[PDB]
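Student: Below is the file upload.csv, which contains CSV, C-alpha atoms.
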chain,number,residue,atom,x,y,z
A,326,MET,CA,103.2,-33.4,48.8
A,327,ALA,CA,106.0,-30.8,48.3
A,328,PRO,CA,106.5,-28.1,50.9
A,329,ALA,CA,105.1,-25.2,48.8
A,330,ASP,CA,102.1,-27.3,47.8
A,331,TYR,CA,100.8,-28.1,51.3
A,332,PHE,CA,101.5,-24.5,52.4
A,333,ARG,CA,99.4,-23.1,49.5
A,334,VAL,CA,96.5,-25.3,50.6
A,335,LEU,CA,96.8,-23.8,54.1
A,336,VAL,CA,96.8,-20.3,52.8
A,337,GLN,CA,93.8,-20.8,50.6
A,338,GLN,CA,92.0,-22.5,53.5
A,339,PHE,CA,92.9,-19.4,55.5
A,340,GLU,CA,91.5,-17.0,52.8
A,341,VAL,CA,88.3,-19.0,52.7
A,342,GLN,CA,88.0,-19.0,56.5
A,343,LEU,CA,88.5,-15.3,56.7
A,344,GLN,CA,85.7,-14.9,54.1
A,345,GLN,CA,83.2,-16.7,56.2
A,346,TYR,CA,84.3,-14.6,59.1
A,347,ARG,CA,83.6,-11.3,57.5
A,348,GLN,CA,80.2,-12.7,56.4
A,349,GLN,CA,79.0,-13.6,59.8
A,350,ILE,CA,80.0,-10.2,61.0
A,351,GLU,CA,78.1,-8.8,58.1
A,352,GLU,CA,75.1,-10.9,59.0
A,353,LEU,CA,75.3,-9.8,62.7
A,354,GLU,CA,75.4,-6.2,61.5
A,355,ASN,CA,72.4,-6.5,59.3
A,356,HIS,CA,70.3,-8.0,62.1
A,357,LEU,CA,71.4,-5.2,64.4
A,358,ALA,CA,70.4,-2.5,61.8
A,359,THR,CA,67.0,-4.3,61.4
A,360,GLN,CA,66.0,-4.3,65.1
A,361,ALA,CA,67.3,-0.8,65.6
A,362,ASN,CA,65.5,1.1,62.8
A,363,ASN,CA,62.3,-1.0,63.2
A,364,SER,CA,62.1,-0.7,67.0
A,365,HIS,CA,65.2,-0.1,69.1
A,366,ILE,CA,67.7,-2.6,70.6
A,367,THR,CA,67.5,-3.8,74.2
A,368,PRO,CA,70.3,-4.3,76.7
A,369,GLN,CA,69.5,-8.0,76.2
A,370,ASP,CA,69.9,-7.6,72.4
A,371,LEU,CA,73.2,-5.8,72.8
A,372,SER,CA,74.3,-8.7,75.0
A,373,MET,CA,73.4,-11.5,72.6
A,374,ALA,CA,75.1,-9.5,69.9
A,375,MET,CA,78.3,-9.1,71.9
A,376,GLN,CA,78.2,-12.8,72.8
A,377,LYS,CA,77.9,-13.9,69.1
A,378,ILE,CA,80.9,-11.7,68.3
A,379,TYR,CA,83.2,-13.5,70.8
A,380,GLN,CA,81.8,-16.8,69.6
A,381,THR,CA,82.5,-15.9,65.9
A,382,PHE,CA,86.1,-15.0,66.7
A,383,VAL,CA,86.6,-18.2,68.7
A,384,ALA,CA,85.4,-20.1,65.6
A,385,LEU,CA,87.9,-18.1,63.5
A,386,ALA,CA,90.6,-18.7,66.2
A,387,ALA,CA,90.2,-22.5,65.8
A,388,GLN,CA,91.1,-22.2,62.1
A,389,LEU,CA,93.9,-19.8,62.9
A,390,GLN,CA,95.4,-22.1,65.5
A,391,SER,CA,95.2,-25.1,63.1
A,392,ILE,CA,97.0,-23.2,60.3
A,393,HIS,CA,99.5,-22.1,62.9
A,394,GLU,CA,100.4,-25.6,64.0
A,395,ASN,CA,100.8,-26.8,60.5
A,396,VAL,CA,103.1,-24.0,59.4
A,397,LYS,CA,104.8,-24.4,62.8
A,398,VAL,CA,105.7,-28.0,61.7
A,399,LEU,CA,106.7,-26.8,58.2
A,400,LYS,CA,109.2,-24.4,59.8
A,401,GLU,CA,110.5,-26.8,62.4
A,402,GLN,CA,111.1,-29.3,59.5
A,403,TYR,CA,113.0,-26.7,57.5
A,404,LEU,CA,115.4,-25.9,60.4
A,405,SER,CA,116.1,-29.7,60.7
A,406,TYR,CA,117.3,-29.8,57.1
A,407,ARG,CA,119.0,-26.4,57.4
A,408,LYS,CA,121.0,-27.7,60.4
A,409,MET,CA,122.0,-30.9,58.6
A,410,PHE,CA,123.2,-29.1,55.5
A,411,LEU,CA,124.8,-26.1,57.2
B,326,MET,CA,69.6,12.5,80.1
B,327,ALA,CA,67.3,9.5,80.4
B,328,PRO,CA,69.0,6.0,80.6
B,329,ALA,CA,67.3,5.2,77.3
B,330,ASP,CA,69.0,8.0,75.3
B,331,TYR,CA,72.4,7.1,76.7
B,332,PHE,CA,71.9,3.5,75.9
B,333,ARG,CA,70.9,4.3,72.3
B,334,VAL,CA,74.2,6.3,72.1
B,335,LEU,CA,76.1,3.3,73.3
B,336,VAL,CA,74.4,1.0,70.9
B,337,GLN,CA,75.1,3.7,68.3
B,338,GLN,CA,78.9,3.4,68.9
B,339,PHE,CA,78.7,-0.4,69.0
B,340,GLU,CA,77.4,-0.4,65.4
B,341,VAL,CA,80.0,2.1,64.2
B,342,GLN,CA,82.8,0.1,65.9
B,343,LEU,CA,81.6,-3.1,64.2
B,344,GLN,CA,81.4,-1.5,60.8
B,345,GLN,CA,85.0,-0.1,61.2
B,346,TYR,CA,86.0,-3.7,62.3
B,347,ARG,CA,84.5,-5.4,59.2
B,348,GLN,CA,86.3,-2.9,57.0
B,349,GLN,CA,89.7,-3.6,58.4
B,350,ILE,CA,88.9,-7.3,57.8
B,351,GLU,CA,87.8,-6.6,54.2
B,352,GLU,CA,91.0,-4.7,53.5
B,353,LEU,CA,92.9,-7.6,55.0
B,354,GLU,CA,91.2,-10.1,52.6
B,355,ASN,CA,92.2,-7.9,49.6
B,356,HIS,CA,95.8,-7.4,50.7
B,357,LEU,CA,96.1,-11.2,50.7
B,358,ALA,CA,94.4,-11.7,47.4
B,359,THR,CA,96.8,-8.9,46.1
B,360,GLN,CA,100.0,-10.7,47.2
B,361,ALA,CA,98.8,-14.0,45.8
B,362,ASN,CA,98.0,-12.3,42.4
B,363,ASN,CA,101.4,-10.5,42.1
B,364,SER,CA,103.6,-13.5,43.2
B,365,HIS,CA,102.5,-15.7,46.1
B,366,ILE,CA,101.8,-15.5,49.9
B,367,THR,CA,104.9,-16.6,51.9
B,368,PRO,CA,105.0,-17.9,55.5
B,369,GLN,CA,106.1,-14.4,56.6
B,370,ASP,CA,103.1,-12.9,54.8
B,371,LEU,CA,100.7,-15.3,56.5
B,372,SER,CA,102.1,-14.6,59.9
B,373,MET,CA,101.8,-10.8,59.7
B,374,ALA,CA,98.2,-11.3,58.5
B,375,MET,CA,97.5,-13.8,61.4
B,376,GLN,CA,99.0,-11.2,63.7
B,377,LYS,CA,96.9,-8.3,62.3
B,378,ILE,CA,93.8,-10.4,62.9
B,379,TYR,CA,94.5,-10.5,66.7
B,380,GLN,CA,95.7,-7.0,66.7
B,381,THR,CA,92.5,-5.9,64.9
B,382,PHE,CA,90.4,-8.0,67.3
B,383,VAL,CA,92.0,-6.7,70.6
B,384,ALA,CA,91.1,-3.3,69.4
B,385,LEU,CA,87.4,-4.3,68.8
B,386,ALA,CA,87.5,-5.7,72.3
B,387,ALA,CA,88.6,-2.5,73.9
B,388,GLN,CA,85.5,-1.1,72.3
B,389,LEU,CA,83.2,-3.9,73.4
B,390,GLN,CA,84.7,-4.0,76.9
B,391,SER,CA,83.9,-0.3,77.3
B,392,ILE,CA,80.3,-0.6,76.1
B,393,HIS,CA,80.0,-3.5,78.5
B,394,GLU,CA,81.1,-1.5,81.5
B,395,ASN,CA,78.8,1.4,80.7
B,396,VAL,CA,75.8,-1.0,80.4
B,397,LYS,CA,77.0,-2.8,83.5
B,398,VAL,CA,76.7,0.5,85.4
B,399,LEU,CA,73.2,1.1,84.0
B,400,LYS,CA,72.2,-2.5,84.9
B,401,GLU,CA,73.5,-2.1,88.5
B,402,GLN,CA,72.0,1.4,89.0
B,403,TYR,CA,68.8,-0.4,88.1
B,404,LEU,CA,68.9,-3.2,90.6
B,405,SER,CA,69.6,-0.5,93.3
B,406,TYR,CA,66.5,1.5,92.4
B,407,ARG,CA,64.9,-1.9,92.4
B,408,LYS,CA,66.1,-2.9,95.8
B,409,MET,CA,65.1,0.5,97.1
B,410,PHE,CA,61.4,0.0,96.2
B,411,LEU,CA,61.4,-3.8,96.0
C,326,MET,CA,103.2,-9.6,24.9
C,327,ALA,CA,101.5,-13.0,24.6
C,328,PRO,CA,97.7,-13.1,24.6
C,329,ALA,CA,97.2,-14.5,28.2
C,330,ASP,CA,99.8,-12.0,29.5
C,331,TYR,CA,98.1,-8.8,28.5
C,332,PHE,CA,94.7,-10.3,29.5
C,333,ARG,CA,96.0,-11.0,33.0
C,334,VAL,CA,97.0,-7.4,33.4
C,335,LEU,CA,93.5,-6.3,32.4
C,336,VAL,CA,92.0,-8.6,35.0
C,337,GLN,CA,94.3,-7.4,37.7
C,338,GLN,CA,93.6,-3.8,36.8
C,339,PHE,CA,89.9,-4.7,37.0
C,340,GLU,CA,90.3,-6.3,40.5
C,341,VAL,CA,92.1,-3.2,41.7
C,342,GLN,CA,89.5,-0.9,40.2
C,343,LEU,CA,86.7,-2.8,41.9
C,344,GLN,CA,88.6,-2.5,45.1
C,345,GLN,CA,88.7,1.3,44.9
C,346,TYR,CA,85.0,1.3,44.1
C,347,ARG,CA,83.9,-0.6,47.2
C,348,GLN,CA,86.0,1.7,49.2
C,349,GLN,CA,84.4,4.9,48.0
C,350,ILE,CA,81.0,3.4,48.7
C,351,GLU,CA,82.3,2.4,52.1
C,352,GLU,CA,83.5,6.0,52.6
C,353,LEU,CA,80.2,7.4,51.5
C,354,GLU,CA,78.4,5.1,53.9
C,355,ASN,CA,80.5,6.1,56.9
C,356,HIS,CA,79.9,9.8,56.2
C,357,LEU,CA,76.1,9.1,56.0
C,358,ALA,CA,76.2,7.2,59.4
C,359,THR,CA,78.1,10.1,60.9
C,360,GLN,CA,75.7,12.9,60.0
C,361,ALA,CA,72.7,10.7,60.8
C,362,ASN,CA,73.6,9.6,64.4
C,363,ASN,CA,75.1,13.0,65.2
C,364,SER,CA,72.2,15.2,63.9
C,365,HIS,CA,70.0,13.9,61.1
C,366,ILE,CA,70.5,14.0,57.3
C,367,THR,CA,68.7,16.7,55.2
C,368,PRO,CA,67.1,16.3,51.8
C,369,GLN,CA,70.1,18.3,50.5
C,370,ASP,CA,72.4,15.7,52.1
C,371,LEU,CA,70.5,12.8,50.7
C,372,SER,CA,70.8,14.5,47.3
C,373,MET,CA,74.6,15.0,47.5
C,374,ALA,CA,74.9,11.4,48.6
C,375,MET,CA,72.8,10.2,45.7
C,376,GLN,CA,74.8,12.4,43.3
C,377,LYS,CA,78.2,11.0,44.5
C,378,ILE,CA,76.9,7.5,44.0
C,379,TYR,CA,76.2,8.0,40.3
C,380,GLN,CA,79.5,9.8,40.0
C,381,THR,CA,81.3,6.9,41.6
C,382,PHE,CA,79.7,4.4,39.2
C,383,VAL,CA,80.5,6.6,36.2
C,384,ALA,CA,84.2,6.5,37.4
C,385,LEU,CA,84.0,2.7,37.6
C,386,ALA,CA,82.2,2.6,34.2
C,387,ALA,CA,85.2,4.3,32.6
C,388,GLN,CA,87.4,1.5,33.7
C,389,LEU,CA,84.9,-1.1,32.8
C,390,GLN,CA,84.5,0.3,29.3
C,391,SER,CA,88.3,0.4,28.8
C,392,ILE,CA,88.7,-3.2,29.8
C,393,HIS,CA,85.8,-4.0,27.6
C,394,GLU,CA,87.4,-2.5,24.5
C,395,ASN,CA,90.7,-4.2,25.1
C,396,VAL,CA,89.2,-7.7,25.5
C,397,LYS,CA,86.9,-6.8,22.6
C,398,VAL,CA,90.1,-6.5,20.4
C,399,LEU,CA,91.6,-9.6,22.0
C,400,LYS,CA,88.6,-11.6,20.9
C,401,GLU,CA,88.3,-10.1,17.4
C,402,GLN,CA,91.9,-10.9,16.9
C,403,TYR,CA,91.3,-14.5,18.0
C,404,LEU,CA,88.5,-15.0,15.4
C,405,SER,CA,90.8,-13.7,12.7
C,406,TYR,CA,93.3,-16.4,13.3
C,407,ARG,CA,90.5,-18.9,13.9
C,408,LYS,CA,89.1,-18.2,10.5
C,409,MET,CA,92.5,-18.5,8.8
C,410,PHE,CA,93.2,-21.9,10.3
C,411,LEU,CA,89.7,-23.3,10.1
D,326,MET,CA,52.9,11.4,60.2
D,327,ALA,CA,55.1,14.4,60.0
D,328,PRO,CA,57.2,14.9,56.8
D,329,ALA,CA,60.3,14.6,59.0
D,330,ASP,CA,59.5,11.1,60.2
D,331,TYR,CA,58.7,9.9,56.7
D,332,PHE,CA,61.9,11.4,55.4
D,333,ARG,CA,64.0,9.7,58.1
D,334,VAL,CA,62.3,6.4,57.1
D,335,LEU,CA,63.4,7.0,53.5
D,336,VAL,CA,67.0,7.9,54.5
D,337,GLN,CA,66.7,4.8,56.6
D,338,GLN,CA,66.1,2.6,53.5
D,339,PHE,CA,68.8,4.4,51.5
D,340,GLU,CA,71.4,3.3,54.1
D,341,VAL,CA,70.1,-0.3,54.1
D,342,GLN,CA,70.1,-0.4,50.3
D,343,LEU,CA,73.6,1.0,50.1
D,344,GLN,CA,74.9,-1.5,52.7
D,345,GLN,CA,73.2,-4.4,50.7
D,346,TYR,CA,74.9,-3.0,47.6
D,347,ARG,CA,78.4,-2.9,49.1
D,348,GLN,CA,78.0,-6.5,50.2
D,349,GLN,CA,77.1,-7.8,46.7
D,350,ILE,CA,80.2,-6.0,45.5
D,351,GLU,CA,82.3,-7.5,48.3
D,352,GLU,CA,81.1,-10.9,47.4
D,353,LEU,CA,82.0,-10.2,43.8
D,354,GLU,CA,85.6,-9.3,44.7
D,355,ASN,CA,86.0,-12.5,46.5
D,356,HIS,CA,84.5,-14.7,43.8
D,357,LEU,CA,87.1,-13.3,41.4
D,358,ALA,CA,90.0,-13.7,43.8
D,359,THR,CA,88.7,-17.3,44.3
D,360,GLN,CA,88.8,-18.2,40.6
D,361,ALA,CA,92.2,-16.7,40.2
D,362,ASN,CA,93.4,-18.7,43.2
D,363,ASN,CA,92.1,-22.1,41.9
D,364,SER,CA,93.1,-21.7,38.3
D,365,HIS,CA,92.8,-18.3,36.5
D,366,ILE,CA,90.1,-15.9,35.4
D,367,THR,CA,89.1,-16.4,31.7
D,368,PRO,CA,87.5,-13.9,29.4
D,369,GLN,CA,84.1,-15.5,30.0
D,370,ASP,CA,84.6,-15.1,33.8
D,371,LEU,CA,85.4,-11.5,33.4
D,372,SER,CA,82.3,-10.8,31.3
D,373,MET,CA,79.9,-12.4,33.7
D,374,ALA,CA,81.5,-10.3,36.4
D,375,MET,CA,81.3,-7.2,34.2
D,376,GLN,CA,77.7,-8.0,33.7
D,377,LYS,CA,76.8,-8.6,37.3
D,378,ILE,CA,78.2,-5.2,38.1
D,379,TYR,CA,75.6,-3.5,35.9
D,380,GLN,CA,73.0,-6.0,37.0
D,381,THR,CA,73.9,-5.2,40.6
D,382,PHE,CA,73.9,-1.4,39.8
D,383,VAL,CA,70.5,-1.2,38.0
D,384,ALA,CA,69.0,-2.8,41.1
D,385,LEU,CA,70.6,-0.1,43.3
D,386,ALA,CA,69.1,2.4,40.9
D,387,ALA,CA,65.6,1.1,41.2
D,388,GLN,CA,66.1,1.8,44.9
D,389,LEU,CA,67.6,5.3,44.5
D,390,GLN,CA,65.0,6.2,41.8
D,391,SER,CA,62.2,5.4,44.3
D,392,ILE,CA,63.6,7.4,47.2
D,393,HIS,CA,64.1,10.2,44.6
D,394,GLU,CA,60.4,10.2,43.7
D,395,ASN,CA,59.2,10.2,47.3
D,396,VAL,CA,61.5,13.1,48.2
D,397,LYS,CA,60.4,14.8,44.9
D,398,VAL,CA,56.8,14.7,46.1
D,399,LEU,CA,57.8,16.0,49.5
D,400,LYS,CA,59.7,18.8,47.8
D,401,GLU,CA,56.8,19.7,45.5
D,402,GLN,CA,54.3,19.5,48.4
D,403,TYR,CA,56.5,22.1,50.0
D,404,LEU,CA,56.6,24.6,47.2
D,405,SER,CA,52.8,24.4,47.1
D,406,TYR,CA,52.4,25.3,50.7
D,407,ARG,CA,55.0,27.9,50.0
D,408,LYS,CA,53.1,29.3,47.0
D,409,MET,CA,49.9,29.3,49.1
D,410,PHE,CA,51.4,31.6,51.8
D,411,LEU,CA,54.2,33.2,49.7
Would it be possible to restate this file's structure as structure tokens?
Tutor:
Amino acid sequence: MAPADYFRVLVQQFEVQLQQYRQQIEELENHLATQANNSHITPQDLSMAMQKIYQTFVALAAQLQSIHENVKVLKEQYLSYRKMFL
Amino acid sequence: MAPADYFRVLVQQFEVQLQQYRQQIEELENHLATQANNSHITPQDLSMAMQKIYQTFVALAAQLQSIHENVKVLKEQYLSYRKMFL
Amino acid sequence: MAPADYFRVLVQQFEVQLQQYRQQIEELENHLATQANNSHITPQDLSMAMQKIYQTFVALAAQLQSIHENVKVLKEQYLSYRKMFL
Amino acid sequence: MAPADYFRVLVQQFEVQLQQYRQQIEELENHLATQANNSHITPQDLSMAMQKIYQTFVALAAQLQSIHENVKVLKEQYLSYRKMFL
């Protein structure tokens, strides 16, 4: 509905998507600390790790991009009205 | 020293970098939950946040990229010694 | 002023006090990871560390206790009125 | 094995425990910023949170207390060998 209503939903969906991001990174850290202390990490392990990081960001990027398009519309719309009344 | 002590040092920095990354992202989650508490998050607020996420990621990337190069060298040095003896 | 107004201030002051807590713990972790990787931690170090933890909680406990007394009043007050009108 | 490999293993668990502690507290900060976002944090909400903090701390304490005992033994074993040779 109203402008500020939709926006708020985007912001909350953003805050919830950032939450899941920090968690996956927290998960990936735990797993790294496990293998390390227990044995030691291999170049193969460091690679997987690295790989999962880019992957995780790409997943966050999708959300970011979506929120970006929606607010992009929201602002284009604004300027339309703004032109018409000024 | 041995290519196993140097690797552990790399892996060592990877973990520190990742921890430092997760913290900036934690701080970022709060700052947002702060603004929403006080008043509300505006489109400008969202954008700067959106922008700090990429800012904050690029930085992690310099870090990863570096560790990647160093382990690329170690991996190539290997295939050489491997070619030498077959 | 109003009941819900004062309360909200307590809650926000709580959320801000919890924030500083997690940060000190984050700081104490960083320092531990430094000494460890660099050299190794001594029994003396582990002791200081332990000590600062209890200290940090005690500092959080003070805030907790304060918020507890205020909301304790808030609820006692409520029951007064509740009795009087029921 | 040596009392220096066992100590490092203790210190190892200390760090893991502390990390795990900081996470529960991070999750706790979000959950609160979640409820406030949706509607608002009530007195009941605050209390359960207040209670999880002590719950969550007691648990960290079992962990610390343990590491304390083990390093107490190592410290006493020392003074014995020390008394023996003076």
Student: Using only C-alpha atoms, find each residue in chain D having at least one atom no more than 9 Å away from chain A; report its shortest atom-to-atom pair and that distance in Å (one decimal), rows by chain then rising number, as a tab-separated table.
Tutor:
residue	atom	partner	partner_atom	distance
D:334	CA	A:362	CA	8.4
D:337	CA	A:362	CA	7.3
D:341	CA	A:358	CA	8.0
D:344	CA	A:355	CA	8.6
D:345	CA	A:355	CA	8.9
D:348	CA	A:351	CA	8.2
D:355	CA	A:344	CA	8.0
D:359	CA	A:341	CA	8.6
D:362	CA	A:337	CA	7.7
D:363	CA	A:337	CA	9.0
Student: Could you give me, as a compact mmCIF listing (two decimals) with C-alpha atoms, in the coordinates of the input, the residues that sit within 10 Å of (105.9, -27.6, 58.9) in the file's coordinates, counting all atoms listed in the file?
Tutor:
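Output file out-v6.txt is given in full below:
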# COMPACT_ATOMS: atom_id res chain seq x y z
CA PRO A 328 106.50 -28.10 50.90
CA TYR A 331 100.80 -28.10 51.30
CA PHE A 332 101.50 -24.50 52.40
CA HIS A 393 99.50 -22.10 62.90
CA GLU A 394 100.40 -25.60 64.00
CA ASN A 395 100.80 -26.80 60.50
CA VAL A 396 103.10 -24.00 59.40
CA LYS A 397 104.80 -24.40 62.80
CA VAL A 398 105.70 -28.00 61.70
CA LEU A 399 106.70 -26.80 58.20
CA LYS A 400 109.20 -24.40 59.80
CA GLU A 401 110.50 -26.80 62.40
CA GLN A 402 111.10 -29.30 59.50
CA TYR A 403 113.00 -26.70 57.50
CA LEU A 404 115.40 -25.90 60.40
Student: Which of these residues is nearest to residue 375 of chain C, using all atoms listed in the file: D:336, D:361, D:350, D:411?
Tutor: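 Under the stated criterion, the closest residue is D:336.
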Student: As an exercise, work out the distance from atom CA of residue 384 of chain A to atom CA of residue 352 of chain A in Å and give it to one decimal place.
Tutor: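 Rounded to one decimal, the two atoms are 15.3 Å apart.
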Student: As an exercise, work out the distance from atom CA of residue 335 of chain A to atom CA of residue 379 of chain A in Å and give it to one decimal place.
Tutor: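 Answer for the atom CA of residue 335 of chain A to atom CA of residue 379 of chain A separation: 23.9 Å.
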Student: One decimal, in Å: what's the spacing between atom CA of residue 369 of chain B and atom CA of residue 382 of chain A?
Tutor: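 A separation of 22.4 Å between them.
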Student: Could you check which of C:349, C:339, C:406, C:357 is closest to residue 374 of chain D, using all atoms listed in the file?
Tutor: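 Going through C:349, C:339, C:406, C:357 one by one, the smallest distance to residue 374 of chain D is for C:339.
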Student: Might I get the box with edges along x, y and z of the file that holds all atoms of segment 380-392 of chain C listed there, padded by 3 Å on every side, given as centre and edge lengths in Å to one decimal, as AutoDock Vina command-line options?
Tutor:
--center_x 84.1 --center_y 3.3 --center_z 35.2 --size_x 15.2 --size_y 19.0 --size_z 18.8
Student: Got a moment to write segment 377-392 of chain B out with N, CA, C and O atoms, as a PDB file, in the first residue's frame?
Tutor:
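Ended up saving to out-v6.pdb:
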ATOM      1  N   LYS B 377      27.964   0.294   2.504  1.00  0.00           N
ATOM      2  CA  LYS B 377      29.013  -0.127   3.431  1.00  0.00           C
ATOM      3  C   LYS B 377      29.229  -1.640   3.294  1.00  0.00           C
ATOM      4  O   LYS B 377      30.337  -2.127   3.481  1.00  0.00           O
ATOM      5  N   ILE B 378      28.166  -2.371   2.964  1.00  0.00           N
ATOM      6  CA  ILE B 378      28.249  -3.813   2.772  1.00  0.00           C
ATOM      7  C   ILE B 378      29.232  -4.144   1.646  1.00  0.00           C
ATOM      8  O   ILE B 378      30.041  -5.053   1.791  1.00  0.00           O
ATOM      9  N   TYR B 379      29.152  -3.427   0.519  1.00  0.00           N
ATOM     10  CA  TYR B 379      30.073  -3.697  -0.598  1.00  0.00           C
ATOM     11  C   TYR B 379      31.450  -3.174  -0.218  1.00  0.00           C
ATOM     12  O   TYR B 379      32.455  -3.788  -0.542  1.00  0.00           O
ATOM     13  N   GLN B 380      31.483  -2.027   0.450  1.00  0.00           N
ATOM     14  CA  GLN B 380      32.730  -1.417   0.897  1.00  0.00           C
ATOM     15  C   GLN B 380      33.441  -2.446   1.774  1.00  0.00           C
ATOM     16  O   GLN B 380      34.596  -2.836   1.542  1.00  0.00           O
ATOM     17  N   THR B 381      32.704  -2.887   2.785  1.00  0.00           N
ATOM     18  CA  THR B 381      33.164  -3.863   3.750  1.00  0.00           C
ATOM     19  C   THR B 381      33.547  -5.210   3.111  1.00  0.00           C
ATOM     20  O   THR B 381      34.413  -5.901   3.629  1.00  0.00           O
ATOM     21  N   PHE B 382      32.913  -5.582   1.993  1.00  0.00           N
ATOM     22  CA  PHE B 382      33.218  -6.848   1.292  1.00  0.00           C
ATOM     23  C   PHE B 382      34.497  -6.744   0.446  1.00  0.00           C
ATOM     24  O   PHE B 382      35.347  -7.631   0.472  1.00  0.00           O
ATOM     25  N   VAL B 383      34.612  -5.660  -0.315  1.00  0.00           N
ATOM     26  CA  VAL B 383      35.783  -5.399  -1.151  1.00  0.00           C
ATOM     27  C   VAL B 383      37.032  -5.549  -0.285  1.00  0.00           C
ATOM     28  O   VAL B 383      38.022  -6.183  -0.682  1.00  0.00           O
ATOM     29  N   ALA B 384      36.967  -4.968   0.907  1.00  0.00           N
ATOM     30  CA  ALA B 384      38.080  -5.040   1.831  1.00  0.00           C
ATOM     31  C   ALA B 384      38.381  -6.498   2.185  1.00  0.00           C
ATOM     32  O   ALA B 384      39.542  -6.907   2.191  1.00  0.00           O
ATOM     33  N   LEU B 385      37.354  -7.291   2.480  1.00  0.00           N
ATOM     34  CA  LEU B 385      37.592  -8.695   2.805  1.00  0.00           C
ATOM     35  C   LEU B 385      38.261  -9.358   1.589  1.00  0.00           C
ATOM     36  O   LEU B 385      39.165 -10.182   1.726  1.00  0.00           O
ATOM     37  N   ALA B 386      37.816  -8.970   0.400  1.00  0.00           N
ATOM     38  CA  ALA B 386      38.350  -9.505  -0.843  1.00  0.00           C
ATOM     39  C   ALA B 386      39.840  -9.205  -1.032  1.00  0.00           C
ATOM     40  O   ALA B 386      40.598 -10.060  -1.495  1.00  0.00           O
ATOM     41  N   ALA B 387      40.278  -7.998  -0.705  1.00  0.00           N
ATOM     42  CA  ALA B 387      41.703  -7.725  -0.850  1.00  0.00           C
ATOM     43  C   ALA B 387      42.419  -8.814  -0.048  1.00  0.00           C
ATOM     44  O   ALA B 387      43.346  -9.463  -0.534  1.00  0.00           O
ATOM     45  N   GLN B 388      41.952  -9.012   1.181  1.00  0.00           N
ATOM     46  CA  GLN B 388      42.492 -10.014   2.082  1.00  0.00           C
ATOM     47  C   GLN B 388      42.489 -11.404   1.466  1.00  0.00           C
ATOM     48  O   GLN B 388      43.518 -12.064   1.423  1.00  0.00           O
ATOM     49  N   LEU B 389      41.337 -11.855   0.991  1.00  0.00           N
ATOM     50  CA  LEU B 389      41.265 -13.176   0.388  1.00  0.00           C
ATOM     51  C   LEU B 389      42.198 -13.267  -0.803  1.00  0.00           C
ATOM     52  O   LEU B 389      43.019 -14.174  -0.889  1.00  0.00           O
ATOM     53  N   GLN B 390      42.060 -12.320  -1.725  1.00  0.00           N
ATOM     54  CA  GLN B 390      42.874 -12.292  -2.934  1.00  0.00           C
ATOM     55  C   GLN B 390      44.348 -12.495  -2.634  1.00  0.00           C
ATOM     56  O   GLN B 390      45.042 -13.218  -3.343  1.00  0.00           O
ATOM     57  N   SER B 391      44.823 -11.838  -1.584  1.00  0.00           N
ATOM     58  CA  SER B 391      46.210 -11.947  -1.177  1.00  0.00           C
ATOM     59  C   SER B 391      46.560 -13.392  -0.805  1.00  0.00           C
ATOM     60  O   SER B 391      47.465 -13.992  -1.382  1.00  0.00           O
ATOM     61  N   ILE B 392      45.839 -13.938   0.168  1.00  0.00           N
ATOM     62  CA  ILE B 392      46.029 -15.310   0.628  1.00  0.00           C
ATOM     63  C   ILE B 392      45.964 -16.272  -0.565  1.00  0.00           C
ATOM     64  O   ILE B 392      46.656 -17.283  -0.593  1.00  0.00           O
TER      65      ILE B 392
END
